[PDB]
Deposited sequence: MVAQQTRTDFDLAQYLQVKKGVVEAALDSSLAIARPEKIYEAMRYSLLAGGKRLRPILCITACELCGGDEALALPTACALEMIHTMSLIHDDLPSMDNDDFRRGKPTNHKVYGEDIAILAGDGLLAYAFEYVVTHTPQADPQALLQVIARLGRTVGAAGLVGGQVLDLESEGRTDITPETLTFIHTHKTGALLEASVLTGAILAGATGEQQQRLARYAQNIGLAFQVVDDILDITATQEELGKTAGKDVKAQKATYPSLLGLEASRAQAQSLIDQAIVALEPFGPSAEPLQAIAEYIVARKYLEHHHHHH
């Protein structure tokens, strides 16, 4: 076929990523830890972060083989964060994607350890499976992944989110600070690691970072819009529409997507798939 079909693009990339994730975890002694990591890693989902990494790598002149190990590592980090998030000490969720959570299947101890194992493996896998990368670029990917996961990124965001729970003084600024850390850091890492592997300039990286921060926040604002309008069709937690109103929330979500698209215009037409992904993810949230 000759016509770019975004749904098909995303389906093909998801298939490549899921085959690589499956192959990445060969069961060995002790089999339980591999089974528990695979239970969460291979559970499906959109695979957005690996897809963003591959797509940004290609945009900057790299190839899928260069990006794929780091793409897998990003999904291992994402997966670890969900395993830890679901625990009884954290969100205490029995189900995820309509299936029992890792700790409800294997125990809290095994779930904690499966998350730790996935986070360690992300770093190992980037190095062992990208021997063709420029070594200084690969070291920059490792530094970015460490910074992204830790107290200045995802883990800091998880702490900011826990601190907000049940508070009565939440503002839009407080929510945005949570989101930039809890989801924005890892979305930024997904596009920036792909770009770094391909040798992108600082200027190119700054445009991709603006794209990633904007789509991350837009996705959160849209999720809040759909939550409050489902409640319209039907503990206390403030949301963008509860704090700002639905009109202002809708205008902010649209502005953020528009700014993400404008951020990538200077790449030229090569940026069209990343620009399309921004609008597509939002449109699918409204349809699903």
In sequence order, name the stretches of the deposited sequence that have no C-alpha in these coordinates.
-> 1 to 6, 241 to 250, 305 to 310
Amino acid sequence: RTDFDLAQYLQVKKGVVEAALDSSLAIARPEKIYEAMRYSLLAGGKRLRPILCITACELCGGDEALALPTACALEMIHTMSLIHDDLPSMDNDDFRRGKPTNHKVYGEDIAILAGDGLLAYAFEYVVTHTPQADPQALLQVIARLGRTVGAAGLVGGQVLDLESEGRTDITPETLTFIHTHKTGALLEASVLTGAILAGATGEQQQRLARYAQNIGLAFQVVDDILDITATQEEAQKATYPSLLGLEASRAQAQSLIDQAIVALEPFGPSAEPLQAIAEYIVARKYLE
From here on, numbers count along this sequence of modelled residues.
Mean Cα B-factor check, 236 to 244 vs 255 to 263, entry values; winner is 236 to 244
30 to 38 or 223 to 231, whichever carries the higher mean Cα B-factor | 223 to 231
Specify which of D161, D116, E124, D91 carries the largest Cα B factor in the deposited PDB entry.
-> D91
For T174, does the deposited CA B-factor place it in the lowest, middle or highest third of the chain?
-> highest
Determine, from the deposited record, the chain-internal third of the Cα B-factor for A67: lowest, middle or highest.
-> middle
Which third of the chain holds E203 when residues are ordered by C-alpha B factor: lowest, middle or highest?
-> highest
Is the Cα B-factor recorded for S81 in the lowest, middle or highest third of its chain?
-> lowest
Ordered by C-alpha B-factor within the chain, which third holds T101? Give me lowest, middle or highest, please.
-> middle
